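So here's one chain in two forms, each on its own in structure tokens, numbered structure 1 and structure 2.
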Structure 1
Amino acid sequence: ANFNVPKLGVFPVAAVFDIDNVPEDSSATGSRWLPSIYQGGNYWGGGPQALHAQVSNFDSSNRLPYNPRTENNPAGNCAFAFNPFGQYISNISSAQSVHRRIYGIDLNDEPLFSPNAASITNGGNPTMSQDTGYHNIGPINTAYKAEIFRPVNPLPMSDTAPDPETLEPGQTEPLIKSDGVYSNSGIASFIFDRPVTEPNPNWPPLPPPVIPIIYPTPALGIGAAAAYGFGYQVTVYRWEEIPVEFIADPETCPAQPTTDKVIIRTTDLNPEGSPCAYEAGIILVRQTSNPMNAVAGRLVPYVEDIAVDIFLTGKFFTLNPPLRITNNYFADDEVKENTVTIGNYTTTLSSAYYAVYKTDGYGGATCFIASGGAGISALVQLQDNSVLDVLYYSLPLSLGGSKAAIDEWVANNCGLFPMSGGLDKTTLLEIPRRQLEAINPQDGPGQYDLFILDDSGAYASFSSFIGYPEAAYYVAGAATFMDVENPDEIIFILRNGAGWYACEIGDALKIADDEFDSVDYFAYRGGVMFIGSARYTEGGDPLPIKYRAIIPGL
């Protein structure tokens, strides 16, 4: 819906000041502290302050561990979602490791974890990376480390052949059944801001409700997970004895081998005796210190299930291109230059693909910077050359690197929108509600209602504006005319849309007779206007930008 805005008057000039005590900036390169009239889409301006972000060359060494900032982990610095998961797949090989490990056959043995590839890619929002330097199972590198192996049920042991001297059946580890049934562990998902916990079996009424098993280390991007039910089968041998009996010559041995006992046939020439043929598989053990005291039986095989829960950790991170943000502004009658870096900045690769800044005009600024068109980005709170806070986000690929789209995303996820770029001139000056009011960064009902300023048709449509929402006004600079004999004017719009005013500054911009400086850089703060004017020579060479300060009567 459209809303007419009447021109209520012309604010006169109360004073004009020069600014000849500042670093010289090339009219060809731009002002280091004053935003150009073409940069409204990069700001939520608050004064004569300018920012610029640069991206450092980077490699796989510049890592950002997954340290999620949550109610449970308020010290984390990652705002983007990430939910990796995987399983311990059961097969002869992995089962070997688990078996040798739980039975103490070798404490170095460990099964390799199988992460779900897609969960690591994380939809590229952002693309995550597994830190394979975190651990190694022998010659194999892996981003996962099994912390605890817990058999669901006590590990069984098989008996051995009775001891010659003791006549006692020993013990040994069951034997993995190669052609047995393998069950994969359940789904193991990593958590970073709390420990893995199992319901306290005694919960109602005794505390605590849950029992922590293992803990993650979010600062190092280490998550914690539980992979239940890893299963495989083993063969257990139980010694099942059969009676041993004696007979003596002349009695004869059975015509057929014995199957339910062993018979020992004694003679005169051999009072000790010799056993009658017995079914293969039967084991006879003659006690050495009393051969006439032997026992017999078989080591019968039994198939059994071995289930184990495995708790493990995983190390993750994403690439994070070091940044360098220049933050310069005017104050105390001089220019304050400030620089700050994030990460191990080395050499500049380029300027940041996207960057929007909300400033207070005094070195204060909260910004959103994405080195690329998608992926890792930083929501940064800063003051001068000091980084107060940093929270990372990720720009979805579905934005196709669209400034307009990104603007809305940043608006919706971070409450930031370039309020300084709404003014435009076609047949008349116009600006959507959102920017004019400059209070709600998000799109919404009435947010796109158009405020059209009556009596502004004389201005050129190619005029460019950068506005400053302060107090009752939205002050935007750069209403230019097709006729240079007509000096640029500053526009003062009421944020309630009641009406607007212009401020003719033809005098302040007057260099020669019938010749004025154009407004190319503009800012408004504390009721003071700051102007920057491009400059060149008769020949056409770039010169230092002209800086003035103009105070309007309000």
Structure 2
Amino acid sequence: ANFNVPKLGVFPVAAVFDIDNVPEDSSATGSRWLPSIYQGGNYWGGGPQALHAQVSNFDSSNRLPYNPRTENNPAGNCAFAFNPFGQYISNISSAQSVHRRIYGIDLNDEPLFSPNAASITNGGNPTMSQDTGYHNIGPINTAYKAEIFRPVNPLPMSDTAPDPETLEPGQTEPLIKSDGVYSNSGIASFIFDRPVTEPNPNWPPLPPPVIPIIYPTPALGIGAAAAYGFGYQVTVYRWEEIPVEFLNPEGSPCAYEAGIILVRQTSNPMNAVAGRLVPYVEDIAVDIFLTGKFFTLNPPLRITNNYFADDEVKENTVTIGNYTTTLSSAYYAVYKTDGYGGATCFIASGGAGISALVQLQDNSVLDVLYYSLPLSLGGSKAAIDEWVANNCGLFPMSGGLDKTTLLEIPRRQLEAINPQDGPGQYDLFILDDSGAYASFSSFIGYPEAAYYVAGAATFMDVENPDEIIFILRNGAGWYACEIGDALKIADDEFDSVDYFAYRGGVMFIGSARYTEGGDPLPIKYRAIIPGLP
């Protein structure tokens, strides 16, 4: 719905200052601290402060361990979702390993875990990687480690023929039944901010409710999981029968039977026993608790954060990760600034994938929380802006003022109080009596106090100097500030407003300069104070 905004007047210039005590910026390069009138789409601005993000070259060594920030792990730095899972697949090979390991035949034996490929790919949001350097089963490298092998029921042992000199049946490990029934373990999903737990048998009323089994190490991207019921079958043998017989006169020994086993004490042949080793098929089941190490690639970032304060220009720079050489500028980047070195930024090196929500103060990184831009956004600036607004509460409020037949701006940017789209958020505020300005003028606005001060209302005729726009955030009305005097150079020539910012009731202007030949010169900086109510 449209809403008319009447021009209530013109704010006269109360003071002008040449800003000379500052570093030289080439008009062909741009201001190092003053955002250009074409950068409204990169800011939710609050003052003469400018940021730029560079992406360092990287490789598979620039890793971000999966360390999710949650209620239970507030010190983690990941905000994106990742839910890996898999199973221990049972077959002659893996059963062999589990078997030899639980019976103590060989403690280096361990079955190989089978991750679900798609849960690792994670819909490419972001694409995760398994750290195969984490653990190895012999010559095989794996990102998984069996921590605990727990048989569900006490392990069976096979009986053996009674001892000749003791008649006491011995013992030996059951033999795996190669053609028996194999059972894959259940679903093992890794968790990172809390241990794997099982319900306390006698929970009510004895605490604790659950019992911790194993712990993940989120700082290292190590997750924990439980693979219940890995099963295979074995052949167990049990002793049997009795004894007795009657062998006499010139001897004392008898004979008969088939398939049976007769043993007679070596110290006393009269003391005897018999029986058989009956083979039974048994189910071996074991719960296996494991850990998994994951990560995603994270290109190092370098951010400059410069602003004007105390009449000077403070330059800052920060790096995140092992920065080496620059690969390019960040694909996407929006900055909310306070005008004094404070800034919340959302930086995405690419059009999708790993992104960083950064909190800055001068050259200090107060915090970094990582997000991931879904591939579905198709690298669309407009699409990402909405996604960031929804997931981080950030939106480029400084971009929005536009001049078609008249100046107009959406409620959202004008009010600059709610980053998310919503009812009435796209209502259009049209400024009346603003038709003379040209269509090609660009605006970067600063929502402060009662006004949305947008810089850069230009004219098709050189004779008319640029004007700054002050719009009441309640839509009640707007004012213009003619800064012709402040911008006047030659008798008939004027400096244009190419860089603009507004803070504490003060306007900061940057003007591009060139030689008669067209060679870049230092940007002219000025400070203009409007006579506000």
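C-alpha atoms forming the largest set that superposes within 1.5 Å between two forms make up the rigid core. Quick note, the numbers are simply positions in structure 1, starting from 1.
Superpose on the core and compare between structure 1 and structure 2; which one of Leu379, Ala79, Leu167, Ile342 crosses the 2 Å Cα shift mark? Once the cores are aligned, the residue moving by 2 Å or more is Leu167.
Inspect the rigid-core superposition and answer whether the C-alpha of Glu147 shifts by 2 angstroms or more between structure 1 and structure 2. Shift of 2 Å or more: no.
Would the C-alpha of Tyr362 be classed as shifted by 2 Å or more between structure 1 and structure 2 after rigid-core alignment? No; that C-alpha moves by less than 2 Å between structure 1 and structure 2.
Once the core is superposed between structure 1 and structure 2, does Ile137 show a C-alpha displacement of at least 2 Å? No; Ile137 is a residue whose C-alpha shifts by less than 2 Å between structure 1 and structure 2 when the cores are overlaid.
Once the rigid core is superposed, tell me how far the Cα of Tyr278 moves between structure 1 and structure 2, in Å to one decimal. Residue shift at the C-alpha: 4.9 Å.
Once you lay the two forms on top of each other by their rigid core, how far has the C-alpha of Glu240 moved between structure 1 and structure 2, in Å? Displacement of the alpha carbon, after core fit: 2.3 Å.
Any chance you could measure the C-alpha shift of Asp424 between structure 1 and structure 2 with the core superposed, in Å? Here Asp424 registers a C-alpha shift of 0.2 Å.
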